[PDB]
Amino acid sequence: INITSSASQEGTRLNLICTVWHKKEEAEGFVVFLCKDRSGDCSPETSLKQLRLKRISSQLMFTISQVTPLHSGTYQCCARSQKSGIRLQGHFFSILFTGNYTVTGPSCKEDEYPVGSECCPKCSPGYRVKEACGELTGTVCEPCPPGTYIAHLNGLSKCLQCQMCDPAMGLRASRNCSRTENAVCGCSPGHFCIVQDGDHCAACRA
Amino acid sequence: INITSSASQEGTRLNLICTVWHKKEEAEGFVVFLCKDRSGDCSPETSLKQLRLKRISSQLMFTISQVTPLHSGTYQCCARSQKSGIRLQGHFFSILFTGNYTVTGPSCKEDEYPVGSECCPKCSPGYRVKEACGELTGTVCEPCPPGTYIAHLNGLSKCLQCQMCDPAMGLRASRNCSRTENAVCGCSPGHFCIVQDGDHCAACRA
Amino acid sequence: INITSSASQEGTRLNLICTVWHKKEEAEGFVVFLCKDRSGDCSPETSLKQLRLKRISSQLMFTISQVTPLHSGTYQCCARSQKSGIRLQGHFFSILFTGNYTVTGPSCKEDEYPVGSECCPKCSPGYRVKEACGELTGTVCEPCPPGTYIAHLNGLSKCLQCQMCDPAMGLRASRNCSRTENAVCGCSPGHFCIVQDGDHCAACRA
Amino acid sequence: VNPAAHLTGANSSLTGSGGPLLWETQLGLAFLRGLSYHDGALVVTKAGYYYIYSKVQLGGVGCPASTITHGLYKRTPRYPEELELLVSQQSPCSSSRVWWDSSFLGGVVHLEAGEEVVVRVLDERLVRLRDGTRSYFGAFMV
Amino acid sequence: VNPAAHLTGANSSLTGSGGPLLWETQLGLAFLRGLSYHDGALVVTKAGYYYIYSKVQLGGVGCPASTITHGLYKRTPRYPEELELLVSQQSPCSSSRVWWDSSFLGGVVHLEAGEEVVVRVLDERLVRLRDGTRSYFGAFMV
Amino acid sequence: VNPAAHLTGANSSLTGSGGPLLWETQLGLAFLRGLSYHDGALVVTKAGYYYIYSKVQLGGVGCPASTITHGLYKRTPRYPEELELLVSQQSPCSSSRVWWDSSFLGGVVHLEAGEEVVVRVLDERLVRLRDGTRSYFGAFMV
Ligand SMILES: *[C@@H]1O[C@H](CO)[C@@H](O[C@@H]2O[C@H](CO)[C@@H](O[C@@H]3O[C@H](CO)[C@@H](O)[C@H](O)[C@@H]3O)[C@H](O)[C@H]2NC(C)=O)[C@H](O)[C@H]1NC(C)=O
Ligand SMILES: *[C@@H]1O[C@H](CO)[C@@H](O[C@@H]2O[C@H](CO)[C@@H](O[C@@H]3O[C@H](CO)[C@@H](O)[C@H](O)[C@@H]3O)[C@H](O)[C@H]2NC(C)=O)[C@H](O)[C@H]1NC(C)=O
Ligand SMILES: *[C@@H]1O[C@H](CO)[C@@H](O[C@@H]2O[C@H](CO)[C@@H](O[C@@H]3O[C@H](CO)[C@@H](O)[C@H](O)[C@@H]3O)[C@H](O)[C@H]2NC(C)=O)[C@H](O)[C@H]1NC(C)=O
Ligand SMILES: *[C@@H]1O[C@H](CO)[C@@H](O[C@@H]2O[C@H](CO)[C@@H](O)[C@H](O)[C@H]2NC(C)=O)[C@H](O)[C@H]1NC(C)=O
Ligand SMILES: *[C@@H]1O[C@H](CO)[C@@H](O[C@@H]2O[C@H](CO)[C@@H](O)[C@H](O)[C@H]2NC(C)=O)[C@H](O)[C@H]1NC(C)=O
Ligand SMILES: *[C@@H]1O[C@H](CO)[C@@H](O[C@@H]2O[C@H](CO)[C@@H](O)[C@H](O)[C@H]2NC(C)=O)[C@H](O)[C@H]1NC(C)=O
């Protein structure tokens, strides 16, 4: 599964081209989409334009008819697979206006994590790095397995392990471990707090 | 010191041939012997036939005059050296009757331990593996040195170290360390049991 | 900075020659000197002869006019730089009388430490090995930095770290860390001894 | 490719049926490299000398045998019993007071190909599993 | 040239401002080989699997939280928080009596190039630094 | 052939004459690889960086100095005194109650060819030797 970002130009118009790769006939529930100035909050709900597929190379094309100041920003080609459950993060490229305009895209942005010389787009909360971003390729993101979690925009190759609430310490799961939140421990049915380690009970007696 | 097992056939008769190798004139007290269906309990006392030597290649020959069902089983060529104290374990081969009969000899038998692709005959209790069994060669077994023991049919390359009973914990050797049994700790003269770790006293006071 | 030891002979006379190397015009306060039978206690104060320099190859020459028994012993070419603070230890050579006489210089002497095949002169207390003794070259010795020490004739490449007396254990520096002695810990102003680890207080209360 | 592994405490760790401690192998900090895992045991592929180790987090609300055994054990077809390799005895603990004690050990042992290593804490009840960064078991060839 | 390092307790070790324990790198027993050091942290040059360890000498004149946490933590650009790797909880302690307790742990963790590792003792006050042979932190690739 | 060794507690371990702990080298779990042994000391053949370690099982029927020192020491012709490398201070203990405490430490130290390493427990009386799987001392080059 591959992701690319190219920007072709013809007279007044400027085309942005997200290119996606997937197994033929496993694209039902597949979405490619583009985002302007999304700090890793990029989704179909927050996209400029999207293409939900139905059934091996797929393409999304967003054309800017005129060069204007308000179209200046930071764009990102992203894809989401329903069957695989995999996200896909393309490189952060920028439009900048001055009169004139230029396209572009070691002090990596908040949404990126460094990999050798290059920077790479971070994966979503509850999403682990399956594959590092290539020079041309984008960041691939698997969802966390059950019993694990990641609670931030991350470049982690493995999900954090969910905390077990020890019954023998009179504890139970106040909040259950979601793939984006760790579990939290409160006191068992008919137990009270002895000491606290933070804003949570360390151990409980009945 | 080498051991081999060969089975030559002539008409109705079938010869089983234990072949033994030893330094000339250090064979006084040396015994080669054969065992039918001995689960590593093989000894001169439990042999079919033996040859106690007196003084470099030695041989034992057991001839089966007729092919019968009751002669079917599992045979083992084994040698014992008096001067050396060394035991010798040949490969487990089998006679099987059906009318007809066949000789034979990864899921190694209880009496064997795996070594690469091959299986090897285990050494006696209180006997360490001096040399691994070759394809043609058999298992060589040295007796445990003093202060050590092995309490089972084993394929261990080194003997277990005997437990010391700590005087300062008010303990003494209830049973002494034999080469086939670990030592055991009871309370000292005029001491009693404080706590027990199993069915033995951990520590004693007077 | 180099050190050498050579012994030229002419008729009845015998010359011992310490040869020293130093940056031109940084030799003010520089001393080369020779020692007979000094067990690493070798210094200008305990020298036979010395040459204090004033301002690149320097030389000291001690001539023995007659071959006698009492001149027999163990000699050492040593240098000391004031500006650098660096000491310099030449190889241990020997004169031995019998009638006749011979000069000389794996079971290294007390004052030496082994380095490969060779032996090397040890550095003074409060002096670290800056450079190992060559076959022709001698041992170079830097003084310990502050917060460190060496309390013996040594061949150490790094100085021992001075012990800190923990205020929170009611301790203070009874003796301060000199470059030849570790610091020692006694009880704080108005504190007493709780337990002792040796002939020093481990912890103090008020 | 030097054999290495680090396994972490799990929800199934305390079988408590006279079974050895079980471990996680893939999730979070857990990993295997040139070493297999079967029923609570590291399983040697490449025979030789391994530094083996284990930490266990212990604690509870007071005390129920104070003597508590934490050890590393060899299973092998070369002997019918388990073989003690590296073992510690602690005794950290009225029951009004809460307490914690870590128990670490490690050591270089020789392991033949197919030989297993397991961890046993003698009173599993005292093993306190939080996130698995508290209790672990692994090894590397030396 | 297998990456290795051993760092020793210093006079600046106890920042005690919610800062990680600082260490000496050059003096006496301290050393670095194919590993950098920045603000209390071992800094990985060559990515891969490292056995990491830390001992801390603890003690004092009596007791002021008895629960005391000693752990090894990953810093990385791949996550905004610190990541717990290897962690112990002790509880060794009227205040009339003096006491000492050592806390050792070690373990094999994977570290990507540029990723940091630090030591944290949760109540720094309880850390006792004598000559630095009592408390240390280091690692080597496996 | 990477230098490695693991030595085990013996009946002659407790000289108790201000002598360092002695160890078994050949019997059971004990072994030497590219390392010599002389009078309680590992003896380096190939100079370089070694991870060194030691566990000692402690215990007894009650308490006789509660402060107890377990350490690893360098002997060398390069210095006339012993050099502390890695050292712990414990204090585990009326005398009516029995107790056990394990004391483990390890660390990477540089050793020149011919330099020795020994183990010392400061009150040898508190060392509890059972089968030698309780107390040990070894090392491997890193
Ligand atoms: C966290 O997740 C666990 C499940 O992994 C939750 O425990 C489960 O809660 C459900 C809903 O209350 C229980 O359903 C029950 O089924 C019984 C029939 O046996 C019925 O009579 C009850 O009325 C109830 O609907 C379920 O038994 C239970 N699962 C297990 C295995 O015990 C837990 O509540 C979650 N924690 C929080 C705080 O949300
Ligand atoms: C385990 O083996 C040890 C020997 O390694 C046994 O201790 C020994 O026991 C013998 C027989 O009782 C003692 O012989 C004695 O000699 C004295 C003369 O000095 C004599 O007066 C006594 O009548 C007795 O025959 C021997 O002294 C002793 N060995 C040592 C070195 O003290 C031990 O008894 C064995 N343990 C068990 C429970 O079998
Ligand atoms: C070990 O060395 C330290 C210094 O590193 C010694 O502490 C210092 O002692 C000197 C001499 O007593 C103190 O001088 C004082 O200056 C004040 C003015 O502020 C004056 O009023 C006093 O009369 C006194 O002369 C100095 O303050 C102090 N240094 C510091 C930084 O506090 C220490 O005494 C030495 N220990 C031993 C046992 O020799
Ligand atoms: C991303 O993926 C696509 C599809 O896998 C790549 O196109 C393939 O490239 C390989 C290797 O160059 C060729 O062998 C195949 O013929 C291509 N497959 C098809 C069906 O066309 C594409 O090159 C990749 N893009 C980038 C920029 O890496
Ligand atoms: C077992 O041992 C015997 C005796 O050592 C072997 O016979 C010897 O074999 C060697 C090597 O092939 C020859 O150099 C000698 O000439 C033989 N010695 C004598 C005195 O005959 C025998 O080959 C071995 N058998 C097996 C099956 O390994
Ligand atoms: C010790 O030091 C002196 C001075 O550095 C050496 O003499 C120099 O040797 C180098 C290398 O052989 C030459 O390039 C220089 O020309 C010499 N310098 C001067 C200014 O003469 C001397 O050889 C050394 N002695 C020993 C025995 O190692």
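A chain's residues are numbered here from 1, following its sequence as written, a convention that may not match the entry; residues for which no coordinates exist are omitted. By the order in which they are written, chains take letters starting at A while ligands take numbers starting at 1. Side-chain numbers come from the whole structure's heavy atoms, not from hydrogens or water.

As stated in the entry header, the method of structure determination is X-ray crystallography and the reported resolution is 3.5 Å.

1. Let's talk about the overall build of chain A
What counts, and what does not: Secondary structure elements are taken from DSSP: a helix is a run of H or I of four residues or more, a strand is a run of E of two residues or more, and numbering for both begins at the N terminus. We compute the radius of gyration over the C-alpha atoms and compare it with the globule rule, which gives 2.2 Å times the number of residues raised to the power 0.38. Residue burial is assigned from relative accessible area. The probe radius is 1.4 Å, only protein chains are included, and a residue is buried under 20% of its type maximum, exposed over 50%, and partly exposed in between. Reported accessibility uses the Shrake-Rupley method at a 1.4 Å probe radius. Residues are deemed covered only where the shown protein chains occlude them. Charge convention: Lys and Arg are scored as positive, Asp and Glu as negative, and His as well as the terminal groups of each chain are ignored. Charged side chains are reduced to one point each, which is NZ for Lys, CZ for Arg, CG for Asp and CD for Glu.
Looking only at helices and strands, one finds zero helices and 18 strands in chain A. In terms of C-alpha radius of gyration, chain A reaches 22 Å, well past the compact-globule figure of 17 Å for 206 residues. The burial tally for chain A puts 45% of its 206 residues in the buried class. For chain A, the exposed surface amounts to about 11,100 Å²; the carbon and sulfur share of it is 50%. In chain A, which carries 21 positive and 18 negative side-chain charges, the distance between the mean positions of the two groups comes to 6 Å.

2. Structural notes on the sheet that holds strand β5 (residues 57–64) of chain A
All names here are of chain A. Formally: Paired strands, as defined in this entry, are two strands with at least two bridges between them according to DSSP. To get an axis, fit a line to the C-alpha atoms, keeping to the stretch in contact for a helix; angles then go from 0 to 180 degrees between the N-to-C directions.
Taken in spatial order, the three strands make up an open sheet running β1-β2-β5, and their pairing is antiparallel. The open sheet is flanked by β1 (3–10) and β5, the only strands paired with a single partner. This sheet shows a mean twist of 20° between the axes of neighbouring strands, independent of strand direction. Relative to β5, strand β2 (residues 13–21) runs antiparallel, the two being bridged by eight bridges. Looking at the pairing, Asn15 lines up with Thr63 of β5.

3. Examining the pairing of strand β3 (residues 35–38) of chain E
Residue and element names in this part refer to chain E. Pairing analysis gives four bridges linking β3 to strand β4 (residues 41–44), with the strands arranged antiparallel. Each residue of the ladder has a partner; that of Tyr37, found in β4, is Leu42. Here β3 folds back onto β4 in antiparallel fashion, the turn holding two residues, of which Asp39 has a positive phi close to 50°.

4. What about the packing of aromatic side chains?
For the record, the criterion: Side-chain rings of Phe, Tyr and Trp (the six-membered ring for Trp) are treated as a pair once their centres are within 6.5 Å; stacked means planes under 30 degrees apart, edge-to-face means over 60, and tilted covers the remaining angles.
Tallied over the entire structure, the rule returns 34 aromatic pairs over all chains. Judged by centre distance (5.4 Å) and plane angle (80°), the ring pair of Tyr51(E) and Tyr51(F) falls under edge-to-face. Linking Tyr51(E) in strand β5 (residues 48–61) with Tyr51(F) in strand β5 (residues 48–61), this pair reaches from one chain into another. Its relative accessible area of 0% is what places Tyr51(E) among the buried residues. Between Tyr53(E) and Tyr51(F), the ring centres sit 6.0 Å apart and the planes meet at 70°, which makes this aromatic pair edge-to-face. A residue pair is termed interchain when its members come from two chains, as with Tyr53(E) in strand β5 and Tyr51(F) in strand β5. The buried category is assigned to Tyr53(E), whose relative accessible area is 0%.

5. Quick look at the sheet that holds strand β3 (residues 35–38) of chain D
Residues and elements named next belong to chain D. Across the sheet, five strands lie side by side as β3-β4-β9-β6-β7; this open sheet has antiparallel pairing. Each having just a single partner strand, β3 and β7 (79–90) make up the two edges of the open sheet. Going across the sheet, the axis of each strand differs from the next one's by a mean of 25°, ignoring polarity. Here strand β6 (residues 68–76) runs beside β7; their pairing, made up of eight bridges, is antiparallel. Looking at β7, one finds that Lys74 is bridged to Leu83.

6. Concerning the relation of the copies chain D and chain E
The two chain copies are related to each other by a rotation about an axis together with a translation along it. Quick reminder of the rule: Throughout, superposition of copies is done by least squares over C-alpha atoms. We call two residues in contact whenever any of their non-hydrogen atoms come within 4.5 Å of each other.
Note on the copies: chain D fits chain E at an RMSD of 0.0 Å, the axial shift is 0.0 Å, and the rotation between them is 120°. This pairing of chains is accounted for by a three-fold axis. The position closest to the rotation axis in chain D is occupied by the C-alpha of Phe104(D), lying 4.2 Å away. Residue by residue, only 14% of the interface of chain D is reproduced at the interface of chain E, so the copies engage with different surfaces.

7. Describing the interface of chain F and chain C
Going by this rule: For any pair of parts, buried area is found by adding up, for both, the accessible area (1.4 Å probe) each one loses once the two are put together. Salt bridge criterion: a side-chain nitrogen from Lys or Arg within 4 Å of a carboxyl oxygen from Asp or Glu. Polar contact is the term for a pair of N or O atoms within 3.5 Å; when the atoms are in protein, one must be able to donate a hydrogen and the other to accept it, and sequence-neighboring residues count only if both atoms are side-chain atoms. In the scheme used here, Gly and all other residues not listed as nonpolar or charged are polar, with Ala, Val, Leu, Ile, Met, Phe, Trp, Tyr, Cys and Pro taken as nonpolar and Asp, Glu, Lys and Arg as charged.
Contacts between chain F and chain C engage nine residues on the former and 14 residues on the latter. When the buried surface of chain F facing chain C is broken down by residue, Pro77(F), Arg78(F) and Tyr79(F) rank first, second and third, together holding 56% of it. In this assembly, chain F and chain C are joined by zero salt bridges. At the junction of chain F and chain C, the tally comes to three residue pairs in polar contact. Among the elements that line the side of chain F that touches chain C, the one with the most residues is strand β7 (residues 79–90) of chain F, at five residues. For the side of chain F that touches chain C, the residue count by class is four nonpolar, three polar and two charged.

8. Things to note about the state of the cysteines
Residues and elements named next belong to chain A. Note the cut-off: Working definition: a disulfide is two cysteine sulfur atoms within 2.5 Å of each other.
The tally for this structure, following the rule as stated, stands at 33 disulfides over all chains. Here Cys165 pairs with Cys185 through a disulfide, and the sulfurs are 2.0 Å apart. Taking the torsion about the S-S bond as the criterion, the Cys165 to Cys185 disulfide, at about -90°, is left-handed. One end of the pair, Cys165, is in the loop between β14 (160–161) and β15 (171–175); the other, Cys185, is in strand β16 (residues 184–187), with 20 residues separating them in the sequence. In this pair, the class of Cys165 matches that of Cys185, namely buried.

9. Here's the deal with the UniProt feature "disulfide bond" in chain A
Residues and elements named next belong to chain A. Applied cut-off: UniProt positions are given in the numbering used here, feature names are shortened, and annotations may be inferred rather than shown by experiment.
With its sulfur atoms 2.0 Å apart, the listed UniProt disulfide between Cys18 and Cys77 is closed in this model. Neither residue differs from the other here; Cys18 and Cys77 are each classed as buried. Sulfur atoms of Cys35 and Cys42 sit 2.0 Å from each other, so the disulfide annotated by UniProt is realized in this structure. In this pair, the class of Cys35 matches that of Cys42, namely buried.

10. Some thoughts on the site of ligand 5
Residues and elements named next belong to chain B. Where we set the bar: Each residue is tested against the molecule or strand, and it is near if at least one of its non-hydrogen atoms lies within 4 Å.
Contacts to ligand 5 come from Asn2, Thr4, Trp21, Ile56 and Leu136. In this structure, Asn2 approaches ligand 5 through a side-chain N or O atom, which is 2.3 Å from an oxygen atom. Here ligand 5 loses 34% of its free accessible area of 590 Å² to cover by the protein chains. Partitioned by chemical class, the residues of the shell around ligand 5 number three nonpolar, two polar and no charged.

11. A word on the site of ligand 6
Residues and elements named next belong to chain C. The immediate surroundings of ligand 6 are formed by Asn2, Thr4, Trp21, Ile56 and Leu136. One nitrogen or oxygen atom from the side chain of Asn2 is found 2.3 Å from an oxygen atom belonging to ligand 6. Tallied by class, residues from the shell around ligand 6 come to three nonpolar, two polar and no charged.

12. Some thoughts on the pairing of β2(A)
Across the nine residues of β2(A), seven count as buried, placing the element largely inside the fold. What sits between β1(A) and β2(A) in their antiparallel hairpin is a turn of two residues, with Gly11(A) showing a positive phi close to 65°.

13. Considerations on the side chain of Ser72(B)
All names here are of chain B. The topology assignment puts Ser72 in the loop between β5 (57–64) and β6 (73–80). A polar contact is formed between the side chain of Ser72 and the backbone oxygen of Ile95, at a distance of 3.0 Å. If near-sequence neighbours (up to four positions away) are discounted, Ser72 is found in contact with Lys36, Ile95, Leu96 and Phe97.

14. Observations regarding the side chain of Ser54(E)
Residues and elements named next belong to chain E. Secondary-structure assignment places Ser54 in strand β5. Within polar-contact distance, the side chain of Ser54 engages the side chain of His70 at 3.0 Å. Those residues in contact with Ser54 that lie beyond four places of it in its chain are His70, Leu72, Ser103, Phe104, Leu105, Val119, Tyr136 and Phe137.

15. So, the interface of chain D and chain E
Taken together, the contacts link 21 residues of chain D with 19 residues of chain E. Both sides together, the interface formed by chain D and chain E hides about 1,800 Å², and carbon and sulfur atoms give 51% of it. Ranking the residues of chain D by area buried against chain E places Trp100(D), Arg134(D) and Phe140(D) at the top, with a combined share of 28%. Scanning the region where chain D abuts chain E turns up one salt bridge. Notably, a salt bridge pairs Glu84(E) with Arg134(D), separated by 3.1 Å at the nearest N-O pair. One can count 14 residue pairs in polar contact joining chain D with chain E. Put simply, the parts of the chain that give the side of chain D that touches chain E at least two residues each are β1 (4–8), β2 (31–33), β5 (48–61), β8 (98–111) and β10 (136–141) of chain D. Residues that form the side of chain D that touches chain E fall into these classes: 10 nonpolar, five polar and six charged.

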